[PDB]
Amino acid sequence: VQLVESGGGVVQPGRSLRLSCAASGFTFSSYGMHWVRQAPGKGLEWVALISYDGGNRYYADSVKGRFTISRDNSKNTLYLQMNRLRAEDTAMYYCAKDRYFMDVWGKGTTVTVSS
Amino acid sequence: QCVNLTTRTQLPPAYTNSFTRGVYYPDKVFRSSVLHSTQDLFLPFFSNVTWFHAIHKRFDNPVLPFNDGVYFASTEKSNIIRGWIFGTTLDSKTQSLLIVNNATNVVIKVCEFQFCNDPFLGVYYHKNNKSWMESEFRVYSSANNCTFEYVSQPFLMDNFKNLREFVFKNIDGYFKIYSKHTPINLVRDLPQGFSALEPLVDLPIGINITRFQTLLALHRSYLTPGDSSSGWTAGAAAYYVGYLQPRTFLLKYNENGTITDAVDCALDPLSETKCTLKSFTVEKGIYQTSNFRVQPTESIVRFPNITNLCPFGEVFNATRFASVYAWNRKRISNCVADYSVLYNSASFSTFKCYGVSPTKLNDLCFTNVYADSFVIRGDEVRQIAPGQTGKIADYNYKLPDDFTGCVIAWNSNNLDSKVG
Amino acid sequence: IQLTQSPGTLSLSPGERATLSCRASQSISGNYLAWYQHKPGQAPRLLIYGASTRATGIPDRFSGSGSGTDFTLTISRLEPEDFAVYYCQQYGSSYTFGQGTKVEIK
Amino acid sequence: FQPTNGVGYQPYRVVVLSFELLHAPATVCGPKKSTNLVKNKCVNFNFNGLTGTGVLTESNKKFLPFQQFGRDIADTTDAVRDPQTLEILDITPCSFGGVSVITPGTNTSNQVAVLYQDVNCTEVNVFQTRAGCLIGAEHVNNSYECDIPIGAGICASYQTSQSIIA
Amino acid sequence: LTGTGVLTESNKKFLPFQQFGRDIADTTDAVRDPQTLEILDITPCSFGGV
């Protein structure tokens, strides 16, 4: 039961950034995985979810067409490919395990969209 | 992965009589046209077995004991029952045994498992590999302390057109399994008849087992709501559980070598007669088959109501000891002593008893006890025994050949040695 | 489904009773409504699921009620560790969150 | 006996305990609580270390003040004096006997009768005979020719609906 | 498992789990060859009084 995010940093507007989530301590291949973000001082905003087998994916309306979520069940990793980033996408992005709701949350990766 | 399942349909447990079922080949030996009598854990004839249903939403899968063995039979048409679970507490604190059947294969593990309440196998569709997979992570959450794994051909293979009977045993270190597949058309309960169970495996798990539970499958095809105590339907598949006991059976063998019949010698006096005469046919007459004996109900312990302790302290912890040629003798009488504490004490380097063991010494009364004490050297300690020779045993202290007692010695170099 | 939480800020002291509300723009399916706690610098933590089911390890001063479009989270006797932001969430038709209620010390 | 001596040459203190089973009041006993005595029942008894199984009853055998145990022809214990209350109790081995099964052939019936040889109908359609306690055979006043012999003038047969009669 | 006797072909249908057969005296009656799963009868070598 531990999630460690990686890939955060600064990215110029319009460019791309790929986040990764390494999982350990649970049967990773049997849980759906979500991404959630939180802008500084603002509320939680759901971003995307991928089913346990990677067959079904869904995205927030604000990121449709720009983000793609994937997972590798053999390496216990989930990835979020973020394309054409906007200044309004700057936030802490949390990796979280489905229990539905999310009962295990990662510490989050800080993504700053800036020149 | 650990969802509960708590549909509430209460029905009382049903019982049935196992007319003649649970017979298994006790050994891997071939016999033909011979009657053989053997004692082993069997299911007594016409035994009172419980009955559990899984028909609709009634599900019966409680945790049952594993006192000495189990006769598990199942009338099925869709292979709803996938396997079983064995253990004491069925939680991560102890090891537990698992048996599950994938399509055309079996999975067996001995890990410390953390089973959730009301486990089961889940069936879904995967949308890749294009095939309905059978992920087993609903049964157990975690698997620690794994020591054993094993894979083999399906144990269970194809209203109820087939009958699968199983026999489980937990002999010293081996988990033994006997199985048989019999087709039948009866739909209500067990079909009266005879069929022997052939051995299947003998797993050397080497653990302690007191409880066991069964594993079944669920159908959620017509619709699927969110995971909860709902949205599941179980086809008609029932199973019966019977506990084995040490019993003496008389087994029949045909030309081929199959059993085809047997007799429980303690079922009735007629069975006693059949076993005594080593035949399934008894001619007209009177036969002597056994002996009636009234057994005792309780023990009676009587001793004189005296209260005193034997002065072993002034014999063992005596300040000074005697020379072996002038060995001192102490006569112990009219007292109560605990030899268990003496044997427990590790101060003694030699503690050999003859004609009686010290563990079985603190429950036997004697009229007199003599405590002879002296000092000798190391290599002469072995001479203090019945039928020994040497300077000490010949000229100083001789033990009879019919000696009944114990010889105790310990190194006294710290007390009986001087610098000069 | 838009979730509107109220009030925006709640100012109370330890020992008092807190009532937090969540309103959905559409009826929530299967009572699929959850509550989450967030302290500054920390990830969210599940408190309540199934509208009324307490998560493992959550003390009994937390209780959930409501149905349909109107849900309530009640904290019966506030403790200092309970002062935080609370988010409600529905998980019956996609996954959407409320804007949060801050529970601060008065 | 010097400290620097080898272990084989170092001093050892030896204590030899010898136990004698003189047929007498055994005084040296090991720590064991006594129990109450139950009369007229089959029990496993232990009197001053002497064990056995039998029914303990009252007796009229006048043991002499120095006598503690009695013995039978086979040298087995016949009676004992209770070590706490100086009374003489007879030891009668618990009731036993052979078990015979009286049955017609399996080509006729699977009904059987059981004869408990040389016992009373106590410890065990019950007919008491001098051969033992016969259970399962109906006692019939009418005499017939002997069919399945039992003993002491009593025979059994399978007759009338049919059952075993004696 | 050792012994003396004549090993011949047999028509005794041992079950897949059965490896050895025994006679009334508990002596070995037949064995399954550990290399080729066939059943061979064991007949003690001819003997008699003179």
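Which chain is which? They are A, B, C, D and E, in the order written, and residues in each are numbered from 1.
Rule of thumb we're sticking to: a residue touches a chain if its C-beta (ideal position, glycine included) is under 8 Å from a C-beta of that chain, and two chains touch if they have at least 3 such contacts.
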Open item on the list: Applying the contact rule given earlier, which two chains have the most C-beta pairs between them?
Closed with: B-D
Open item on the list: Can you work out the whole-Å distance between the CA centroids of subunit A and subunit C?
Closed with: 23
- [ ] Provide the C-alpha centroid distance between subunit A and subunit B, rounded to the nearest whole angstrom.
- [x] 53
Open item on the list: From the mean C-alpha coordinate of subunit A to that of subunit D, what's the distance rounded to whole Å?
Closed with: 84
- [ ] Can you check how far apart subunit B and subunit D are, centre to centre, with Cα atoms defining each centre and the answer in Å?
- [x] 32
- [ ] Any chance you could list the residues of subunit E touching two or more other chains?
- [x] none
Open item on the list: Two or more other chains touching the same residue: where does that happen in subunit A?
Closed with: 100
TODO: Identify all positions of subunit C at which a residue touches two or more other chains, and write them in rising order.
DONE: 32
Task: Pairs of chains found to touch, sorted by chain label - done: A-B, A-C, B-C, B-D, B-E
Task: Residue numbers on subunit A that touch subunit B, as the complex places them - done: 27, 30-31, 53-56, 100
Task: In the complex, subunit B residues that touch subunit A - done: 1, 126-128, 135, 137, 226-227
Open item on the list: Touching residues of subunit B toward subunit D in the complex: what are they?
Closed with: 268-270, 272-273, 281-306, 310, 315-316, 321, 324, 332-339, 349-350, 356, 361-381, 384, 397, 399, 403-413, 415-420
Open item on the list: With touch defined as at the start, can you tell me which subunit E residues reach subunit B in the complex?
Closed with: 12-15, 17-22, 24, 29-30
Task: subunit B-touching residues of subunit C, taken from the complex the two chains share - done: 30, 32
